[PDB]
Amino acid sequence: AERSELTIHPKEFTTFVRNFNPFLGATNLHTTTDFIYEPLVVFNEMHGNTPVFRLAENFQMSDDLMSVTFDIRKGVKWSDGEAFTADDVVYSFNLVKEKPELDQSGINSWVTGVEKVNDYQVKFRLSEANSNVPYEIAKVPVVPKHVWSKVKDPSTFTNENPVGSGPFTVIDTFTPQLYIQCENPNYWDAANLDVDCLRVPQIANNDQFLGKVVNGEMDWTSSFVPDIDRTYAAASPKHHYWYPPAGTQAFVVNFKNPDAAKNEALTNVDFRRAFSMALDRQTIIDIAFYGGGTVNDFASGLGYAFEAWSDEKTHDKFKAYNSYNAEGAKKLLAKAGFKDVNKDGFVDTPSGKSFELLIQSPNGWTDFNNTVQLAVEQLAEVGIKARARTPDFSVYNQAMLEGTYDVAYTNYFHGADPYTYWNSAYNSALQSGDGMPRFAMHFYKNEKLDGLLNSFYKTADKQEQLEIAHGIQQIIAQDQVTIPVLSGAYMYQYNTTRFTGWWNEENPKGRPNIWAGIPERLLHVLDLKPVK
């Protein structure tokens, strides 16, 4: 026919609401970052953070590592025809500093100010030395000053008719069950783009998705698929996948729970170690993930992808509390004083109050929902009372930000080194702020761990970063802050019916996933060519 439509699935929803504000990650559509608002630079995390220069053509840190200058590409246009300039970068950083609810990554902890040098150069000043700061700066969306500076309230603006810098800005069709986002008519990198539109169908959960993917309806996806070789891969020789190793998954407990009895259990080190010993991590991997994961027996969560970074003395000291041992969990509850005093057959708190733990995972994430149900059975076998909850993602996330939940099962982002995990999962600076994600929302606050995390990139010296890692690894392991379970996979399925050029095990160019927060998806769509 006359245009290519590439069918993708970045996020499950029951109905689409029209919201393309790139600062509102808890309520927007997940083709806004990258595809509407292109970054300054994309770093290829699977390949050493090798840079790909996009809206900026270069950057340079100062000698003292307290500032950085970015060079803006000349001849780039916004989708309405206006020039992209340093003014747009200065405006967007000043907006996130002034309305801190729009900071989704912690940038206001690192950047104190932003100066225009001229129309094509911007200078950033820092609170503290950070050789990794260009990677942090590239997370922040840059929007057009000429539109956003006239909006009454950017933190409530739904941006229904977006003006963007990236490959797909035109809202061709919008309905609550399907939308189609087509090529920016002034795209600066039009010569490299061979896809006309993204086609985004509404899919609520993994059972609805399995029906569509088995029937060949999808092109680019990253959902959990049960029994994948016998269901999806067996339906057609056009159906393919590639699952490179991803990050940690853990049970996270709330140290500020407002119920006195639950707070007494969750904040007790012995209780978190007994919870951890009750679990059988390899059975969770075999049943809930059909084998698609690796045990994580690091109290610190570090994981076997980063075994070369481990202090093995620390790993070996706490490994027994992160291995299956049901008898040991019963003995530890008894020594610590979690005794059944009300005769209901479950342990009560040291003060003698009865409690039950409510363990949440998101609606429709069936691999995580099954993991929690297996853990609730394992926990009952040592006398710990728990039950599963499966809230909608927006309610799951809000309950973490507000400190209203008991325990949550979650994964984390995965980087080129351990900092992406440790900093997002533990820095107390990421516990306050209405735009922050859920990952640090346990409310365990330790200023000495924060000092070590903040020191990791004060130089670029990797031998010193390995010693700083050993300190971080020891503090988290000795306090058993969360209960790590396994290291997961970057789930990804591609179809060769309508497009070619896909990344895969023989073409392993970068993280291949379609989710928001994987900025390499802009690089991967620039490699795709229609066959129909």
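Numbers follow the displayed sequence, beginning with 1.
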Checklist outcome for this item: Comparing 369-377 with 121-129, the higher average Cα temperature factor in the PDB entry belongs to 121-129
Next on the checklist: Quick check: 80-88 versus 108-116, which has the larger average CA B-factor in the record?
Outcome noted: 108-116
Checklist outcome for this item: From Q473, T33, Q465, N495, the top C-alpha temperature factor is at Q465
Checklist outcome for this item: Reading the B-factor column for Cα atoms of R389, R73, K139, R273, the highest value belongs to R73
Checklist outcome for this item: Among the modelled residues of its chain, the C-alpha B-factor of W503 falls in the third labelled lowest
Item to check | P484, C-alpha B-factor rank within chain (lowest, middle or highest third) | outcome: lowest
Item to check | Third of chain Cα B-factors occupied by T14 | outcome: highest
Next on the checklist: Lowest, middle or highest third: which one holds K458 when the chain's residues are ordered by CA B-factor from the entry?
Outcome noted: highest
Next on the checklist: Using the temperature factors of the C-alpha atoms in this entry, rank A56 within its chain: lowest, middle or highest third.
Outcome noted: middle
